[PDB]
Each structure stands twice: as structure tokens, then as C-alpha cells.
Amino acid sequence: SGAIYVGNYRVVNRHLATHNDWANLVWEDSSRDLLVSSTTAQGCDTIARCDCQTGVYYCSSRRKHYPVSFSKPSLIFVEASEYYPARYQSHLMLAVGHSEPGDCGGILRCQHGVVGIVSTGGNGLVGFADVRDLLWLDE
Ligand SMILES: NC(=O)[C@H]1CCCN(C(=O)C(c2ccccc2)c2ccccc2)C1
Ligand SMILES: [Zn+2]
């Protein structure tokens, strides 16, 4: 679990969004596994606006932060699950690293701020849904 709180927005994995998230829906995209809902309180997370390919992510399954090199945002095949059929998930960045179902929502960060959140994993890999292109999160 986990979310990004920036301004009057809450960014979560679309497959883990709550009834409240859907009742205050701003934008959602199944192909990116992202959902953004509105909030009453102000969020103090900074979003990175960069092309860094190195950062640090939080891994709940180990209660530890790990440094990773990650690929640029791209279309990657993701196996079928109870949330989606087999499909290509866009804006996804992969790294070699530990991840388990439960780690979704963990923040990936570089020196510029928040890069994305854990969205896929397994096989000694971890996939992050990128949020750096969502410029409206800041205005
Ligand atoms: N974006 C999606 O479509 C995800 C929806 C939830 C499922 N999913 C995973 O990748 C998930 C997983 C769960 C059960 C078997 C295999 C994989 C996982 C595993 C390790 C770390 C994070 C998540 C795909
Ligand atoms: Zn950066």
C-alpha cells in the first residue's frame, strides 16, 4: 500500500483505489494502473520533473529502502490478475530488485523528488508507474 500526496491530490495504484477515491475521482488510467483523487488537506510531496534513471524505492516487504537503476517509461507486458486481463501497461519503469504483492504504492524517489510508485514485480524485478509526465499535479 501507499500514495503520493501533492497539493490537493492523492495518487494511488488504480487497482488499490478506495470508494472515497472513486467518489472524488479527478483522473484514472487502467493502462497505467494509476488513479488520482481530490483531497481536503494539502499534500507536501514534491514531484520530480527530470529523466533520472537511478533512485531509491521503499520496499514494505523488507521495511527497507533500496537504491536501483531503472528503465525509461515504456509499454511492458503484464500478466493477467484479479484486477486486469493480460495487457501492456504504459509509462512503466523496471528495475532489478526485491518486490512482493503488498509493496504496491511504495515510493520511488531521486534527488529531484517523487518519480513513481511500485505497481508490478516478481522474478527479481520491480516495476514503477511513472508520474513525472503528469504536470497538472503541480498547478
Ligand atoms: N499493475 C498491475 O497490473 C499489477 C496488479 C496486481 C498484480 N500485479 C503484480 O505485478 C503483483 C503480482 C501478484 C500476484 C502474482 C504475480 C504478481 C505484484 C508482485 C510483486 C510486486 C508488486 C506487485 C500486476
Ligand atoms: Zn530526478
Side-chain angles (χ1 to χ4, degrees):
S1 54
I4 301 163
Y5 293 94
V6 54
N8 285 275
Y9 299 122
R10 163 176 140 100
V11 185
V12 283
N13 295 88
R14 190 188 186 278
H15 76 275
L16 300 172
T18 69
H19 294 295
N20 182 73
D21 284 325
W22 278 97
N24 293 285
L25 179 62
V26 164
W27 169 80
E28 54 70 38
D29 186 341
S30 301
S31 81
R32 294 178 68 152
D33 182 44
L34 290 184
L35 183 145
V36 174
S37 57
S38 54
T39 79
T40 44
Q42 197 81 15
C44 54
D45 284 319
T46 286
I47 313 295
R49 301 297 185 201
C50 66
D51 68 342
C52 278
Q53 274 183 253
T54 75
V56 173
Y57 76 105
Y58 180 63
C59 175
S60 329
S61 65
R62 292 288 185 268
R63 295 194 196 116
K64 264 178 170 74
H65 293 261
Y66 295 105
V68 280
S69 291
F70 53 93
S71 62
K72 280 178 172 180
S74 70
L75 268 168
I76 291 167
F77 180 82
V78 176
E79 285 257 25
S81 68
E82 299 95 354
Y83 311 103
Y84 306 108
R87 85 218 202 274
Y88 290 88
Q89 174 164 324
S90 61
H91 300 270
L92 188 59
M93 305 172 298
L94 293 179
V96 173
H98 183 74
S99 76
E100 281 169 59
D103 292 320
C104 286
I107 281 165
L108 171 66
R109 303 177 70 90
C110 63
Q111 58 186 131
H112 313 102
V114 172
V115 174
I117 50 167
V118 179
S119 170
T120 67
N123 288 340
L125 298 167
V126 51
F128 306 98
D130 182 55
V131 301
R132 294 176 291 187
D133 65 321
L134 307 174
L135 307 187
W136 54 264
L137 286 182
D138 278 337
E139 62 218 12

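All values below were derived from every heavy atom in this structure, side-chain atoms included, with hydrogens, water molecules and symmetry-related copies excluded. Note that the numbering runs from 1 along the sequence shown for the chain.
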Considering the options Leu92, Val96, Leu108, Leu94, which one meets the side-chain contact (heavy atoms from CB on, under 4.5 Å) requirement together with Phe70?
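The single option meeting the side-chain contact (heavy atoms from CB on, under 4.5 Å) with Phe70 is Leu108.
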Using the side-chain contact (heavy atoms from CB on, under 4.5 Å) rule, pick out the option among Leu134, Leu137, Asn24, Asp138 that qualifies with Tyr9.
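Exactly one candidate clears the test, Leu137.
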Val126 and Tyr66, any side-chain heavy atoms less than 4.5 Å apart:
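Result no, sub-4.5 Å side-chain heavy-atom pair not found.
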Determine the minimum heavy-atom distance between [X] and [Y], stating which atoms define it.
{"X": "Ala3", "Y": "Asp45", "value": "O-OD2, 4.4 Å"}
{"X": "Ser37", "Y": "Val26", "value": "C-CG2, 3.9 Å"}
{"X": "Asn13", "Y": "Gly105", "value": "OD1-N, 3.0 Å"}
{"X": "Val12", "Y": "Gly2", "value": "CG1-O, 4.0 Å"}

According to a hydrophobic-cluster definition based on side-chain heavy atoms being under 4.5 Å apart (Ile, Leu, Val, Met, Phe, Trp, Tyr only), do [X] and [Y] belong together?
{"X": "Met93", "Y": "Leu125", "result": "no"}
{"X": "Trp27", "Y": "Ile117", "result": "yes"}
{"X": "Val131", "Y": "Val36", "result": "yes"}

Where do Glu28 and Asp21 land on the side-chain contact (heavy atoms from CB on, under 4.5 Å) test, with the steps shown first?
CA-CA 10 Å; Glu28 54 70 38; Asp21 284 325; over 6 Å; no
Can you classify the ring geometry of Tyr84 versus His15 as parallel (below 30°), tilted (30 to 60°) or perpendicular (above 60°)?
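Judged by the thresholds at 30° and 60°, the geometry between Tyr84 and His15 is perpendicular.
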Would you please test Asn20 and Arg10 for side-chain contact (heavy atoms from CB on, under 4.5 Å) and show each step?
CA-CA 11 Å; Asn20 182 73; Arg10 163 176 140 100; 6.0 Å; no
Is the number of heavy atoms from other residues, nucleotides or ligands under 6.0 Å of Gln42 CD greater than 12?
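Yes, the 6.0 Å shell around CD holds more than 12 heavy atoms from other groups.
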As a quick check of understanding, evaluate side chain to side chain donor-acceptor pair (under 3.5 Å) for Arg87 and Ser31, giving each step before the final call.
CA-CA 8 Å; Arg87 85 218 202 274; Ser31 81; over 6 Å; no
